[PDB]
Amino acid sequence: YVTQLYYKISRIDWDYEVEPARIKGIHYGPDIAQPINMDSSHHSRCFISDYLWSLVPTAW
Amino acid sequence: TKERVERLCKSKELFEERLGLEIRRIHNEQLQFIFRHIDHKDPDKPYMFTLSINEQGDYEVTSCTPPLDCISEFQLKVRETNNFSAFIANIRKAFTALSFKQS
């Protein structure tokens, strides 16, 4: 159930083949889908999380 | 089916780490949403709320630690819009604002 809630919230589908420092997937949601593909190696945890949450609209 | 179950585990773990959001099942059919990566100076510091579904199928926030001045209105809004994604995203944003104010 958890994995599904994460999709419901984020609308991100991950690429499961790439290594863990490669954040790769597709972001769907209300707007046209866009790819995610970046090396998280030299980024802090908080900045990475802020970046991924920036994809999720808050308008309502 | 081994591939599918494995992928589901992997997805949960990647999401938890990347989003800084852990979702925990507790008593009385409730879920705790634990946000970390909120306070840039203490990335493991947790900000959490607890969610239930009431007898009419409505979202009900049963706890929020630390408290948020806006979360009761966010509950109203999720009941009106049924936009669960926006509900969670707005809560996360509110915790970030709060952490900034807490300093």
# chains A, B, ... in the order shown; residues from 1 in each chain; ligands from 1
$ residues_around --residues "range 87-102 of chain B" --least-positions-apart "3" --cutoff "8 Å" --atoms "only C-alpha atoms" --output "number ranges by chain"
A: 9, 53, 56-58; B: 35, 38-39, 47, 68, 70-71, 74-75, 77-78, 83-84
$ closest_atom_pairs --of "chain B" --to "chain A" --cutoff "6 Å" --atoms "only C-alpha atoms" --output "tab-separated table"
residue	atom	partner	partner_atom	distance
B:12	CA	A:3	CA	4.9
B:18	CA	A:49	CA	5.8
B:19	CA	A:49	CA	4.9
B:37	CA	A:46	CA	4.6
B:40	CA	A:46	CA	6.0
B:85	CA	A:9	CA	4.0
B:86	CA	A:58	CA	4.8
B:89	CA	A:58	CA	5.9
B:90	CA	A:58	CA	5.8
$ select_by_dssp --residues "range 39-79 of chain B" --states "strand (DSSP E)" --output "list in words"
residues 47, 48, 49, 50, 51, 52, 53, 59, 60, 61, 62, 63, 64 and 65 of chain B
$ write_last_selection --atoms "C-alpha atoms" --output "PDB file, in the first residue's frame"
ATOM      1  CA  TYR B  47       7.834  16.420  11.508  1.00  0.00           C
ATOM      2  CA  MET B  48       4.784  14.181  11.544  1.00  0.00           C
ATOM      3  CA  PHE B  49       1.040  13.906  11.373  1.00  0.00           C
ATOM      4  CA  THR B  50      -1.384  11.015  11.713  1.00  0.00           C
ATOM      5  CA  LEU B  51      -4.215  10.262   9.297  1.00  0.00           C
ATOM      6  CA  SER B  52      -7.341   8.168   9.597  1.00  0.00           C
ATOM      7  CA  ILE B  53     -10.374   7.573   7.411  1.00  0.00           C
ATOM      8  CA  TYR B  59      -9.798  12.008   5.706  1.00  0.00           C
ATOM      9  CA  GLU B  60      -9.284  12.886   9.365  1.00  0.00           C
ATOM     10  CA  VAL B  61      -6.057  14.274  10.840  1.00  0.00           C
ATOM     11  CA  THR B  62      -5.763  12.755  14.316  1.00  0.00           C
ATOM     12  CA  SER B  63      -2.426  14.259  15.408  1.00  0.00           C
ATOM     13  CA  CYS B  64       0.219  16.709  14.214  1.00  0.00           C
ATOM     14  CA  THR B  65       3.623  17.009  15.899  1.00  0.00           C
TER      15      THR B  65
END
$ atom_distance --atom1 "CA of residue 56 in chain B" --atom2 "CA of residue 27 in chain B"
19.0 Å
$ residues_around --residues "residue 35 in chain A" --least-positions-apart "6" --cutoff "8 Å" --atoms "only C-alpha atoms" --output "ChimeraX atom specification"
/A:24-27
$ atom_distance --atom1 "CA of residue 41 in chain A" --atom2 "CA of residue 22 in chain A"
8.1 Å
$ atom_distance --atom1 "CA of residue 55 in chain B" --atom2 "CA of residue 8 in chain B"
29.4 Å
